[PDB]
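Q: One structure, as structure tokens, below. Some questions next.
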Amino acid sequence: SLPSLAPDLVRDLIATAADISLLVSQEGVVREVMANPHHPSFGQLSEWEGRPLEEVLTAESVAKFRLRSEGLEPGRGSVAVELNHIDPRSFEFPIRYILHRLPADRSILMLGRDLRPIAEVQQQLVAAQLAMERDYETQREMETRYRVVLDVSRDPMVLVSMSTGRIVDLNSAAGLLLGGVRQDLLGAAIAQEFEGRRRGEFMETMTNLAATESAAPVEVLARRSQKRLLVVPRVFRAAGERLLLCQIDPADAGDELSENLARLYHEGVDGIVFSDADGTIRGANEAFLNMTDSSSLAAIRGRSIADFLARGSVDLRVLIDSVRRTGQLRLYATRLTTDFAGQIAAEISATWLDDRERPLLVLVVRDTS
Amino acid sequence: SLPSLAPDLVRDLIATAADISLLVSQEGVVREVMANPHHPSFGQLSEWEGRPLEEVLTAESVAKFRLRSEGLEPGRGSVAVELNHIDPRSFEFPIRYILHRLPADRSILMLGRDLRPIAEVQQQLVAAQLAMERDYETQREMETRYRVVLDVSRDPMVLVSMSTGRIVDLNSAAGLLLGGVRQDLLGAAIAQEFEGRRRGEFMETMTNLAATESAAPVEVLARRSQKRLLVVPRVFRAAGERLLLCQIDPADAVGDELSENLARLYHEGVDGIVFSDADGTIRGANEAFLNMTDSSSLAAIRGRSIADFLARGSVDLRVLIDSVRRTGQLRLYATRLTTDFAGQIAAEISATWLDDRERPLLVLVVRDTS
Amino acid sequence: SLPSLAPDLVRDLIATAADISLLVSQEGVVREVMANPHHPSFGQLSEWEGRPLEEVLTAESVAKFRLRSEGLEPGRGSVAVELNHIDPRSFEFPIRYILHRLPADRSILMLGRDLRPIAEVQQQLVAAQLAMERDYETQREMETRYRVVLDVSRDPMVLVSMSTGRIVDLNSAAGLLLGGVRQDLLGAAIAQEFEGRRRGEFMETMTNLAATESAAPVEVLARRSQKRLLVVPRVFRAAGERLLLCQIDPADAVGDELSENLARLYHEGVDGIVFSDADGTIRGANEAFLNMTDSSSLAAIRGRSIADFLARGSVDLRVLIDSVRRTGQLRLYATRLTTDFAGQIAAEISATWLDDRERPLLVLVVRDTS
Amino acid sequence: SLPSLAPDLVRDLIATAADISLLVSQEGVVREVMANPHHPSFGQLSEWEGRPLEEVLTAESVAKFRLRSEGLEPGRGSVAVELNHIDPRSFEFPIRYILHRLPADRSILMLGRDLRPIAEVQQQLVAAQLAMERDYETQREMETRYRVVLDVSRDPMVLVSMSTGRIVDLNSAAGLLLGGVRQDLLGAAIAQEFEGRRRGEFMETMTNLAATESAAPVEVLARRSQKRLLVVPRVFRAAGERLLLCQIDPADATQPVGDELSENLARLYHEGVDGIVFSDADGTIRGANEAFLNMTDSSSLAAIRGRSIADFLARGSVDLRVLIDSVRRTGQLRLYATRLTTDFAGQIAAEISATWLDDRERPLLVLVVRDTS
């Protein structure tokens, strides 16, 4: 049993065991307010002392208090009831008060437990659940969108896993060109759908082609279809993982000039570089990439052409001065530099593409032994 | 000003103020266990009485309790500490105790807050976090796949909000047909882009789509582009809301930037370009090569043979062609251009073999060297 | 003998039998130049008609033509001489003439075999051989340098084919970590040297980590040595084809803890981190930023502007840069990120202006909010 | 402007102009052989006379000949065609024939230009072309392999010419040790990078030291870097040229130097606006930056190093358990809203991201803490 306890100590024990306690007199006025030294931002509850209980509790709460305390006699029994404080700045959440009728002056000691912790954690859980709701809804929305766009599209596309080399999706057009209904090609290793090809080397061909960004397609023969097909690859990172999207056209299917020009670009031995008026590379063909030992078009796109010229600023100054003077630089000799400090012999020619908004540069770069 | 109370009433007040409380002797023995009758049960803890406190605490909590409480003095303050109990039924449960040391016998009175509800919500919080992460990742994947498929597709497509009538998405092909860029066409009113006779005639088709989920494909005229187009509409449901997906066909039968700039290089470039058949018979030539060979017209040298322009003649033809037909590319070839009138020119030629099943082509890039 | 022929027929037979032929008067004046339409262009040499032959010859060719012509008499057979003509400005072209003296004029008929296709070819070929010998010496040198640098290096390296997945080269150090003689590992599929890996998924791990440039290496177990190893990929392009370079280190074997921890927060942390120049030019970014922005690689965004990834675009970067430039710090800058495929990701950026008097730096911690 | 020429003189002109000229009736029989006089070795081709012009031609050349012949008009022009004969050997030899059909007898006069020397030249030139291109590709691949294996290798290396003593190549690692950029050190005397060394004595030192099997690293002082370094030499021959290879290491393995990224990260931590905390697996703090200290009204980093994260979280233990139990599972936690403790029993709203840094004996927790007050 508890030893000899003094009233001071008892007041402290109650003040630390409960979160807030009130000694309300028999007449309904608050005589003593015992807040917790360990409860957040307290000691500012001193106002309640001397005030009636109706200035500290909502009306309904006062009513519940009255009702539970109607028959509450001293010495035999105690009762628990949830009451709410008016000021949410003191106690935003309801308090579980355990009521005792005191023997001497028939005052009532209210011992309170703040629901605040449990309530705020559980509210956090509710918040989380609603967030998850909107999350799955948006996920399903975008899923439907991607589905409709891929299926409706008249452009034959196939999505291949960069880790497995197997088809993860496609549309009915790609299936038509390949010779299998969508269900049959799902999961089928793409490289095996083409005669004479293997996973490793075919994926390497696709991936390198994508990095180059050449529009020169890979000629393939579909096993099921026996159709000569052309495959144009693109690599993209979705949610941190890389995927491979192939566009497929069948082969054998005026204006020959533009065609042959594009072919000159993607297949030509001379490097060609398009660039803003300040040398900023906008695009370049496979030849310039191979020449510079560049990992990919995207790697150089956005950089200054000076990063690949041996003289650096001097070369860029010459290009710009000539091309801005006569519109043309005929033959300029310098060295191309790779990002591993290599040096190639190069001869450059260049032309200003007369524009009001986007003045371009087209540079023909030739490897000269 | 709290009135003095009988030790029994004090006992009951302490037991009801806390959710659970323990009275522990100085030497560490649990002397009494006090339950809050208005609080959810902890089990029959009455067995604890007369037994050492460490028997009902985890090892971590034993060490904690000992570290926190030993410094405690009567009336010199109290300490808070979270402890994990072991019930007689071998289960565990957390409590946040406030420790006081009593003047009479230096015993420790432990005033606890129940931590069971909070831990309960905590597990669910952990699970929720995991789910939110996986959901977010799946979202990102699907949205990226959508945007990539849309951008890449050569089928000109436009996505219109049925609710607002404004363009909600599109690709650069539909941009090329409409006569603008994604950023500019984005948000545009659809009836002000697809034009027929009588202003916003397209809104009639919109009306048909709103109640049918489909409509007969319509001939319109791209406002920005002044191109005669043909629009195939259909409606689906994403996230409950309805969205129009339009396909676009040019009524007649769209060159991108690269084709135009390559054309610019051909006609305005300094280096000569010559296209010929496998016979070396010239199919096409650019103005650089024309001004290089003092040729009057593109039409005058078209059909002629490459040999009539190369110093070594038949030899040069055969070497260029037979070399590229093996490698596909010839990096640098030095020769001379024979001129109809002027002196022959010192040239350097690169060559590429553009293979084809039907009409193979040789392409030459011809440079004047001093 | 042969059937008698009209004068015109005779002229055309002579003209087509020779590659080119000159009729030079007794005095030395070129009366007529007869071209072979079946034979590659010489240019228009009809402008020699009227001038003396000696002015379209070299000095040596002049003396030689004198020597062969002066003795030549009508009906006394024919002789041969090789002359070099001189181009307008100022090249040359060699013809092998056979000289006849006509009994009617005492003029000289010169019948030409074209030497342009043949001239100086052989000398060129000798030069090509010598050039090849030199090239070969250089190759030998570079080969030895490569071997010595690879083998002597204390950095365990393995070169892997991207098309076959097999090891094409490695040093003795890598050979020690892998637990195999060089001759056993040469040609071996790299994946199968590590427990629980396959060619496809492993090559994807390596390629992707190389593109990411994260210093967070891949843990593997070497099959032969049974040692835990750490691998760091490198992908380069050599002569048009791609290669994989692997740096290997033992997992159980730098001076600063805070520095390593920070390195790890960077390469492995969830928040996107970008270091840029004062003008917004991206100097670096972590894997998290690449993943948030759907960027293929660190290389693809390096050198480019932060504004490329802001939805507001330029104006956004203006407000951000200026704010952080004066204020020094910015705790919650709310905007929208973009991807190369026109996405819009809500995000919250915290920016710090690392103030250096020479080259100031801008660091952004980027967080995907919803 | 051709004079009146005698018929046999014309026959001679045609004979000497061309290399070998054939007359053949409309049927296809070799009437006469008019080989070039100045080429005496063609004299034996006369045996073709009396034979059809197909026992001395290839079938392809036969076809071509037939077509081009039946195409021509007599007294309207001519036509060139490449044919292949059968010489006195088994060889086939090419000739550019110019077909003129005579209005005299409908017979065809063939005017032959020997195409052999041109042919030989074509094959030789093509062979040379292809050879040089392949050689180029080979060179480029090998040189590139070399370049990257050198650049990437963390083993700091300098390659010196034995003949000149000048640095011919190196890598970034070595450059960092010497205190120079790549382009500053190329061509430089190697001896003049190390404080108080002369060429000759240095080259002989390195050579002799290389000759020693149980060698010892030579401590040197890099002139630019001012670093004490250790140099280990290996001498090898490369294509008749002696080269010196130098592996370099710092004499002090303590100082790690670090790179630009390390620097930048340090500046991010010490000076950045976000709070950053590294704790152990149980959440006791190992390190915290100034922003976190200011965020929580902490007195110092010393005064909170060793405390649990829960000491600064409003809801305490639960927030910690949620964070840790979450990242241990996922690896990363993107965003966790919560509340921090500030002085005078105060609080501020905060968004924490978490990342679990795995390890075998020291798993680490990292939190990037944002004040979202």
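Residues in the structure tokens are numbered from 1 in each chain, the chains being A, B, ... in the order shown, and ligands are numbered from 1 in the order shown.
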Neighbours of segment 289-304 of chain A within 6 Å (only C-alpha atoms; same-chain residues fewer than 2 positions away dropped), as a PyMOL selection string?

A: (chain A and resi 211-212+279-282+286-287+306-307+338) or (chain C and resi 237+240+299-300+303-304)

Q: Got time to write the residues from that selection, N, CA and C atoms, as a short mmCIF file (atom, residue, chain, number, x, y, z; two decimals), in the first residue's frame?

A:
data_model
loop_
_atom_site.label_atom_id
_atom_site.label_comp_id
_atom_site.auth_asym_id
_atom_site.auth_seq_id
_atom_site.Cartn_x
_atom_site.Cartn_y
_atom_site.Cartn_z
N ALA A 211 20.77 5.39 -79.05
CA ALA A 211 21.71 6.40 -78.56
C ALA A 211 22.16 7.34 -79.67
N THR A 212 22.49 6.75 -80.82
CA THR A 212 22.86 7.50 -82.01
C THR A 212 21.74 8.44 -82.46
N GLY A 279 27.21 28.14 -81.63
CA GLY A 279 27.90 26.86 -81.65
C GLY A 279 27.23 25.76 -80.85
N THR A 280 26.14 26.09 -80.15
CA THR A 280 25.42 25.10 -79.34
C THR A 280 24.83 23.99 -80.21
N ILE A 281 25.35 22.78 -80.07
CA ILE A 281 24.92 21.66 -80.90
C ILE A 281 23.43 21.37 -80.73
N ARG A 282 22.68 21.48 -81.82
CA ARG A 282 21.27 21.13 -81.80
C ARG A 282 21.05 19.67 -82.22
N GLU A 286 25.26 10.16 -87.12
CA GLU A 286 26.05 9.08 -86.54
C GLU A 286 27.56 9.25 -86.81
N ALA A 287 27.91 9.87 -87.94
CA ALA A 287 29.32 10.02 -88.30
C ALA A 287 30.06 10.94 -87.33
N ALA A 306 32.69 23.87 -79.55
CA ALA A 306 34.06 24.15 -79.13
C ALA A 306 34.65 23.05 -78.24
N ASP A 307 33.78 22.30 -77.56
CA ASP A 307 34.23 21.24 -76.66
C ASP A 307 34.89 20.10 -77.43
N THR A 338 38.12 13.98 -78.64
CA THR A 338 37.19 13.11 -77.94
C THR A 338 37.26 13.45 -76.46
N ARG C 237 32.76 4.29 -76.59
CA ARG C 237 32.60 3.93 -77.99
C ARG C 237 33.97 3.95 -78.66
N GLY C 240 33.15 3.07 -83.58
CA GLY C 240 31.74 2.91 -83.89
C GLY C 240 30.98 1.91 -83.03
N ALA C 299 24.89 12.46 -68.72
CA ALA C 299 25.49 13.09 -69.89
C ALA C 299 24.46 13.88 -70.69
N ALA C 300 23.24 13.36 -70.76
CA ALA C 300 22.21 13.98 -71.58
C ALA C 300 21.71 15.30 -71.02
N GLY C 303 25.65 20.17 -69.06
CA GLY C 303 25.89 21.22 -70.03
C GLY C 303 24.62 21.97 -70.35
N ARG C 304 23.48 21.32 -70.17
CA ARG C 304 22.20 21.96 -70.46
C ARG C 304 21.72 22.83 -69.30
#

Q: Looking only at the backbone, which of the residues in segment 4-231 of chain C does DSSP tag as strand (DSSP E), as a PyMOL selection string?

A: chain C and resi 20-24+30-35+79-86+92-101+108-114+157-161+167-170+218-221+228-231

Q: Could you jot down the atom CA of residue 222 of chain C to atom CA of residue 151 of chain C separation for me, Å, one decimal place?

A: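 Computed distance, atom CA of residue 222 of chain C to atom CA of residue 151 of chain C, equals 20.3 Å.
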
Q: Mind checking which residues fall within 8 Å of residue 153 of chain A, counting only C-alpha atoms, ignoring those fewer than 6 positions away in the same chain, and posting them as a list in words?

A: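 Listed by chain and then number, they are residues 171 of chain A; 153 and 155 of chain B.
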
Q: Applying 6 Å and only C-alpha atoms, which residues near segment 4-15 of chain C remain after dropping the ones on its own chain fewer than 3 positions away? List them as a PyMOL selection string.

A: (chain C and resi 18+34+36) or (chain D and resi 14)

Q: Since we have the selection now, will you write its residues out, keeping N, CA, C and O atoms, as a short mmCIF file (atom, residue, chain, number, x, y, z; two decimals), in the first residue's frame?

A:
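Below is the file that was written, selection_31.cif:
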data_model
loop_
_atom_site.label_atom_id
_atom_site.label_comp_id
_atom_site.auth_asym_id
_atom_site.auth_seq_id
_atom_site.Cartn_x
_atom_site.Cartn_y
_atom_site.Cartn_z
N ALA C 18 40.75 7.02 -131.96
CA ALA C 18 41.60 7.71 -131.01
C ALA C 18 40.77 8.22 -129.83
O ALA C 18 39.58 8.49 -129.98
N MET C 34 39.83 16.89 -132.74
CA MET C 34 38.76 15.92 -132.90
C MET C 34 38.58 15.07 -131.64
O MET C 34 39.46 14.29 -131.27
N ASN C 36 36.53 12.30 -129.02
CA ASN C 36 35.77 11.05 -129.05
C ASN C 36 34.61 11.16 -128.06
O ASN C 36 34.83 11.16 -126.85
N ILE D 14 43.66 4.25 -138.72
CA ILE D 14 42.76 3.49 -137.86
C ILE D 14 43.51 2.42 -137.07
O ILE D 14 43.24 2.19 -135.88
#

Q: Compile a residue-level contact table for chain A against chain D at a cut-off of 7 Å, reporting for every qualifying residue the shortest atom pair and its distance in Å to one decimal, with only C-alpha atoms counted, rows ordered by chain and ascending number, as a tab-separated table.

A:
residue	atom	partner	partner_atom	distance
A:40	CA	D:345	CA	5.7
A:41	CA	D:345	CA	5.4
A:340	CA	D:147	CA	6.0

Q: Grab the residues selected above and save them as a PDB file, in the first residue's frame with N, CA, C and O atoms.

A:
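What landed in result15.pdb:
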ATOM      1  N   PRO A  40       2.940  19.537 -23.418  1.00  0.00           N
ATOM      2  CA  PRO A  40       3.350  20.630 -24.310  1.00  0.00           C
ATOM      3  C   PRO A  40       2.691  21.988 -24.045  1.00  0.00           C
ATOM      4  O   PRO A  40       1.464  22.100 -24.026  1.00  0.00           O
ATOM      5  N   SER A  41       3.533  23.001 -23.841  1.00  0.00           N
ATOM      6  CA  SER A  41       3.115  24.401 -23.749  1.00  0.00           C
ATOM      7  C   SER A  41       2.036  24.674 -22.705  1.00  0.00           C
ATOM      8  O   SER A  41       1.025  25.312 -23.004  1.00  0.00           O
ATOM      9  N   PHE A 340      38.118  11.598 -74.228  1.00  0.00           N
ATOM     10  CA  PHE A 340      39.241  10.889 -73.630  1.00  0.00           C
ATOM     11  C   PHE A 340      40.557  11.414 -74.185  1.00  0.00           C
ATOM     12  O   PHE A 340      41.520  10.667 -74.332  1.00  0.00           O
TER      13      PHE A 340
END

Q: Interatomic distance between atom CA of residue 192 of chain A and atom CA of residue 202 of chain C?

A: 19.7 Å

Q: Excluding same-chain residues fewer than 3 positions from residue 25 of chain C, what lies within 10 Å of it counting only C-alpha atoms, as a PyMOL selection string?

A: chain C and resi 22+28-32+52-53+101-102+105-109

Q: Do me a favour and pick out the residues of chain B within 10 Å of chain C, using only C-alpha atoms, as a ChimeraX atom specification.

A: /B:136,140-141,143-152,169,171,182-183,305-316,336,338-346

Q: Residues of chain D were defined as contacting chain B if any atom lay at most 8 Å from it, counting only C-alpha atoms; please report them as a list in words.

A: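 So the contacting residues turn out to be residues 118, 119, 121, 122, 123, 125, 126, 129, 130, 133, 318, 321, 322, 323, 325, 326, 329, 330, 333 and 334 of chain D.
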
Q: Just write the chosen residues, N, CA and C atoms, as a PDB file, in the first residue's frame.

A:
ATOM      1  N   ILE D 118      44.040  -0.038-117.544  1.00  0.00           N
ATOM      2  CA  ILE D 118      43.008   0.623-116.761  1.00  0.00           C
ATOM      3  C   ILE D 118      42.421  -0.328-115.714  1.00  0.00           C
ATOM      4  N   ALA D 119      42.148  -1.568-116.122  1.00  0.00           N
ATOM      5  CA  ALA D 119      41.586  -2.588-115.233  1.00  0.00           C
ATOM      6  C   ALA D 119      42.510  -2.880-114.052  1.00  0.00           C
ATOM      7  N   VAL D 121      44.810  -1.025-112.908  1.00  0.00           N
ATOM      8  CA  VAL D 121      44.801   0.172-112.073  1.00  0.00           C
ATOM      9  C   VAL D 121      43.570   0.239-111.146  1.00  0.00           C
ATOM     10  N   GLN D 122      42.407  -0.144-111.665  1.00  0.00           N
ATOM     11  CA  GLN D 122      41.183  -0.114-110.865  1.00  0.00           C
ATOM     12  C   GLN D 122      41.255  -1.073-109.684  1.00  0.00           C
ATOM     13  N   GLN D 123      41.660  -2.311-109.958  1.00  0.00           N
ATOM     14  CA  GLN D 123      41.776  -3.304-108.892  1.00  0.00           C
ATOM     15  C   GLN D 123      42.803  -2.892-107.833  1.00  0.00           C
ATOM     16  N   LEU D 125      43.864   0.164-107.093  1.00  0.00           N
ATOM     17  CA  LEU D 125      43.392   1.339-106.372  1.00  0.00           C
ATOM     18  C   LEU D 125      42.301   0.996-105.354  1.00  0.00           C
ATOM     19  N   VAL D 126      41.378   0.122-105.747  1.00  0.00           N
ATOM     20  CA  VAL D 126      40.335  -0.336-104.836  1.00  0.00           C
ATOM     21  C   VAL D 126      40.925  -1.093-103.646  1.00  0.00           C
ATOM     22  N   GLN D 129      42.484   1.418-101.338  1.00  0.00           N
ATOM     23  CA  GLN D 129      41.409   2.144-100.664  1.00  0.00           C
ATOM     24  C   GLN D 129      40.867   1.367 -99.457  1.00  0.00           C
ATOM     25  N   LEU D 130      40.393   0.153 -99.727  1.00  0.00           N
ATOM     26  CA  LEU D 130      39.859  -0.714 -98.686  1.00  0.00           C
ATOM     27  C   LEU D 130      40.876  -1.007 -97.582  1.00  0.00           C
ATOM     28  N   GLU D 133      41.316   2.116 -95.356  1.00  0.00           N
ATOM     29  CA  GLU D 133      40.150   2.289 -94.484  1.00  0.00           C
ATOM     30  C   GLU D 133      40.139   1.293 -93.311  1.00  0.00           C
ATOM     31  N   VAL D 318       7.179   6.962 -32.024  1.00  0.00           N
ATOM     32  CA  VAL D 318       6.390   6.484 -33.149  1.00  0.00           C
ATOM     33  C   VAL D 318       6.889   7.004 -34.491  1.00  0.00           C
ATOM     34  N   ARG D 321      10.102   5.057 -35.318  1.00  0.00           N
ATOM     35  CA  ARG D 321       9.760   3.707 -35.743  1.00  0.00           C
ATOM     36  C   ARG D 321       9.163   3.670 -37.143  1.00  0.00           C
ATOM     37  N   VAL D 322       8.285   4.621 -37.455  1.00  0.00           N
ATOM     38  CA  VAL D 322       7.674   4.676 -38.778  1.00  0.00           C
ATOM     39  C   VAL D 322       8.735   4.920 -39.848  1.00  0.00           C
ATOM     40  N   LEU D 323       9.568   5.942 -39.633  1.00  0.00           N
ATOM     41  CA  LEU D 323      10.657   6.262 -40.561  1.00  0.00           C
ATOM     42  C   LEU D 323      11.583   5.073 -40.818  1.00  0.00           C
ATOM     43  N   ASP D 325      11.330   1.778 -39.944  1.00  0.00           N
ATOM     44  CA  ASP D 325      10.687   0.554 -40.415  1.00  0.00           C
ATOM     45  C   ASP D 325      10.270   0.686 -41.870  1.00  0.00           C
ATOM     46  N   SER D 326       9.981   1.914 -42.282  1.00  0.00           N
ATOM     47  CA  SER D 326       9.652   2.165 -43.675  1.00  0.00           C
ATOM     48  C   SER D 326      10.876   2.089 -44.593  1.00  0.00           C
ATOM     49  N   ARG D 329      12.544  -1.200 -45.322  1.00  0.00           N
ATOM     50  CA  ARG D 329      11.799  -1.987 -46.300  1.00  0.00           C
ATOM     51  C   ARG D 329      12.009  -1.468 -47.718  1.00  0.00           C
ATOM     52  N   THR D 330      11.647  -0.208 -47.951  1.00  0.00           N
ATOM     53  CA  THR D 330      11.676   0.358 -49.305  1.00  0.00           C
ATOM     54  C   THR D 330      13.076   0.719 -49.803  1.00  0.00           C
ATOM     55  N   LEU D 333      12.440   6.709 -48.410  1.00  0.00           N
ATOM     56  CA  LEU D 333      11.148   7.289 -48.082  1.00  0.00           C
ATOM     57  C   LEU D 333      11.105   8.708 -48.622  1.00  0.00           C
ATOM     58  N   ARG D 334      10.175   8.966 -49.535  1.00  0.00           N
ATOM     59  CA  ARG D 334      10.144  10.225 -50.280  1.00  0.00           C
ATOM     60  C   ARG D 334       9.755  11.451 -49.466  1.00  0.00           C
TER      61      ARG D 334
END

Q: Using only C-alpha atoms, which protein or nucleic acid residues come within 8 Å of residue 210 of chain C? Drop anything in the same chain fewer than 5 positions from it, and give the result as a ChimeraX atom specification.

A: /C:232-235

Q: Those residues you just picked out, can you put them in a file as a PDB file, in the first residue's frame with N, CA and C atoms?

A:
ATOM      1  N   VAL C 232      32.200  -1.241 -60.902  1.00  0.00           N
ATOM      2  CA  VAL C 232      31.821   0.083 -61.400  1.00  0.00           C
ATOM      3  C   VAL C 232      31.952   0.171 -62.927  1.00  0.00           C
ATOM      4  N   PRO C 233      30.811   0.256 -63.630  1.00  0.00           N
ATOM      5  CA  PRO C 233      30.741   0.241 -65.096  1.00  0.00           C
ATOM      6  C   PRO C 233      31.217   1.511 -65.769  1.00  0.00           C
ATOM      7  N   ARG C 234      31.719   1.341 -66.985  1.00  0.00           N
ATOM      8  CA  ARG C 234      32.062   2.442 -67.868  1.00  0.00           C
ATOM      9  C   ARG C 234      31.750   2.029 -69.298  1.00  0.00           C
ATOM     10  N   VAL C 235      30.981   2.847 -69.998  1.00  0.00           N
ATOM     11  CA  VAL C 235      30.645   2.526 -71.372  1.00  0.00           C
ATOM     12  C   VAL C 235      31.247   3.548 -72.314  1.00  0.00           C
TER      13      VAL C 235
END

Q: Would you kindly return, as number ranges by chain, each protein, DNA or RNA residue with an atom no farther than 10 Å from any atom of residue 179 of chain C, considering only C-alpha atoms and excluding same-chain residues fewer than 6 positions away?

A: C: 172-173, 185, 193, 222-227

Q: Write the selection just made, keeping N, CA and C atoms, as a PDB file, in the first residue's frame?

A:
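To be explicit, this is the file written out as part.pdb:
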ATOM      1  N   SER C 172      45.923  -8.710 -64.857  1.00  0.00           N
ATOM      2  CA  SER C 172      46.193  -9.764 -63.881  1.00  0.00           C
ATOM      3  C   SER C 172      45.531  -9.487 -62.534  1.00  0.00           C
ATOM      4  N   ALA C 173      45.298  -8.208 -62.240  1.00  0.00           N
ATOM      5  CA  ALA C 173      44.652  -7.793 -60.994  1.00  0.00           C
ATOM      6  C   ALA C 173      43.189  -8.241 -60.948  1.00  0.00           C
ATOM      7  N   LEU C 185      39.512 -16.755 -68.440  1.00  0.00           N
ATOM      8  CA  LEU C 185      38.527 -15.680 -68.390  1.00  0.00           C
ATOM      9  C   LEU C 185      38.333 -14.990 -69.741  1.00  0.00           C
ATOM     10  N   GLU C 193      30.275 -15.256 -64.429  1.00  0.00           N
ATOM     11  CA  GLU C 193      31.346 -15.250 -63.434  1.00  0.00           C
ATOM     12  C   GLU C 193      30.844 -14.766 -62.078  1.00  0.00           C
ATOM     13  N   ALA C 222      32.135 -13.390 -56.977  1.00  0.00           N
ATOM     14  CA  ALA C 222      32.927 -14.041 -58.018  1.00  0.00           C
ATOM     15  C   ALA C 222      32.850 -15.558 -57.873  1.00  0.00           C
ATOM     16  N   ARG C 223      32.438 -16.242 -58.938  1.00  0.00           N
ATOM     17  CA  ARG C 223      32.174 -17.678 -58.873  1.00  0.00           C
ATOM     18  C   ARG C 223      33.379 -18.516 -58.464  1.00  0.00           C
ATOM     19  N   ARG C 224      34.536 -18.212 -59.038  1.00  0.00           N
ATOM     20  CA  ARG C 224      35.736 -18.996 -58.779  1.00  0.00           C
ATOM     21  C   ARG C 224      36.371 -18.650 -57.432  1.00  0.00           C
ATOM     22  N   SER C 225      36.642 -17.368 -57.208  1.00  0.00           N
ATOM     23  CA  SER C 225      37.317 -16.936 -55.986  1.00  0.00           C
ATOM     24  C   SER C 225      36.403 -16.979 -54.771  1.00  0.00           C
ATOM     25  N   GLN C 226      35.094 -16.941 -55.019  1.00  0.00           N
ATOM     26  CA  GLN C 226      34.083 -16.870 -53.960  1.00  0.00           C
ATOM     27  C   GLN C 226      34.267 -15.645 -53.062  1.00  0.00           C
ATOM     28  N   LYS C 227      34.813 -14.576 -53.640  1.00  0.00           N
ATOM     29  CA  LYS C 227      35.012 -13.325 -52.925  1.00  0.00           C
ATOM     30  C   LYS C 227      33.935 -12.304 -53.295  1.00  0.00           C
TER      31      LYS C 227
END

Q: Out of A:257, A:269, A:248, A:239, which residue has the shortest atom-to-atom distance to chain C when counting only C-alpha atoms?

A: A:239

Q: Given the choices A:270, A:347, A:355, A:135, which gets closest to chain C if the distance is worked out from only C-alpha atoms?

A: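 Ranking A:270, A:347, A:355, A:135 by distance to chain C, first place goes to A:135.
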
Q: I need the alpha helix (DSSP H) residues of segment 21-151 of chain B per DSSP on the backbone, written as JSON, numbers by chain.

A: {"B": [59, 60, 61, 62, 63, 64, 65, 66, 67, 68, 69, 116, 117, 118, 119, 120, 121, 122, 123, 124, 125, 126, 127, 128, 129, 130, 131, 132, 133, 134, 135, 136, 137, 138, 139, 140, 141, 142, 143, 144, 145, 146, 147, 148, 149, 150, 151]}

Q: Identify which of the residues B:325, B:154, B:286, B:203 lies closest to residue 247 of chain B, counting only C-alpha atoms when measuring atom-to-atom distances.

A: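 Smallest separation from residue 247 of chain B among the options: B:154.
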
Q: At what distance in Å, to one decimal, does atom CA of residue 187 of chain C lie from atom CA of residue 175 of chain C?

A: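 Interatomic distance, atom CA of residue 175 of chain C to atom CA of residue 187 of chain C: 13.0 Å.
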
Q: My list of candidates is A:272, A:35, A:336, A:309. Which is closest to residue 349 of chain A when distances are computed with only C-alpha atoms?

A: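 Residue with the minimum atom-to-atom distance to residue 349 of chain A: A:272.
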